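K.L.:
Following this line is data.cif, made up of mmCIF, C-alpha atoms:
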data_protein
loop_
_atom_site.group_PDB
_atom_site.id
_atom_site.type_symbol
_atom_site.label_atom_id
_atom_site.label_comp_id
_atom_site.auth_asym_id
_atom_site.auth_seq_id
_atom_site.Cartn_x
_atom_site.Cartn_y
_atom_site.Cartn_z
ATOM 1 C CA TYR A 50 0.000 0.000 0.000
ATOM 2 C CA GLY A 51 2.442 2.589 -1.340
ATOM 3 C CA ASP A 52 4.086 1.117 -4.482
ATOM 4 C CA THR A 53 1.829 2.560 -7.210
ATOM 5 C CA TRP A 54 3.653 5.742 -6.635
ATOM 6 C CA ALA A 55 6.188 4.359 -9.090
ATOM 7 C CA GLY A 56 3.668 5.350 -11.775
ATOM 8 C CA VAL A 57 3.288 8.814 -10.304
ATOM 9 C CA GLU A 58 7.070 9.159 -10.280
ATOM 10 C CA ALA A 59 7.082 8.588 -14.023
ATOM 11 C CA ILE A 60 4.836 11.611 -14.411
ATOM 12 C CA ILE A 61 6.643 13.920 -12.005
ATOM 13 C CA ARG A 62 9.876 12.802 -13.718
ATOM 14 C CA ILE A 63 8.773 14.822 -16.794
ATOM 15 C CA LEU A 64 6.342 17.215 -15.110
ATOM 16 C CA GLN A 65 8.096 20.335 -13.784
ATOM 17 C CA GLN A 66 11.286 19.240 -15.578
ATOM 18 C CA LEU A 67 9.845 20.777 -18.736
ATOM 19 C CA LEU A 68 8.406 23.658 -16.819
ATOM 20 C CA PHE A 69 11.599 24.384 -14.981
ATOM 21 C CA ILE A 70 13.336 24.579 -18.274
ATOM 22 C CA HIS A 71 10.545 26.495 -19.927
ATOM 23 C CA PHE A 72 10.550 28.886 -16.978
ATOM 24 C CA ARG A 73 14.257 28.946 -16.115
ATOM 25 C CA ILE A 74 14.911 29.904 -19.726
ATOM 26 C CA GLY A 75 11.553 31.596 -20.481
#
Show me, as structure tokens, the structure contained in the file I just sent.
P.N.:
Amino acid sequence: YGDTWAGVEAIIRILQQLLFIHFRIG
């Protein structure tokens, strides 16, 4: 009861990563 987070982690892995670069640059 706490392993499905591995799916979530796949989302976060590309979530603010694109935003941080869109924002850090833009």
K.L.:
Report, in Å with one decimal, the straight-line distance from atom CA of residue 51 of chain A to atom CA of residue 65 of chain A.
P.N.:
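Pair atom CA of residue 51 of chain A / atom CA of residue 65 of chain A returns 22.4 Å.
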K.L.:
Report, in Å to a single decimal, how far apart atom CA of residue 69 of chain A and atom CA of residue 57 of chain A are.
P.N.:
18.3 Å
K.L.:
So the first atom is atom CA of residue 67 of chain A and the second is atom CA of residue 53 of chain A; what is the distance between them in Å, to one decimal place?
P.N.:
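Separating atom CA of residue 67 of chain A from atom CA of residue 53 of chain A is a distance of 23.0 Å.
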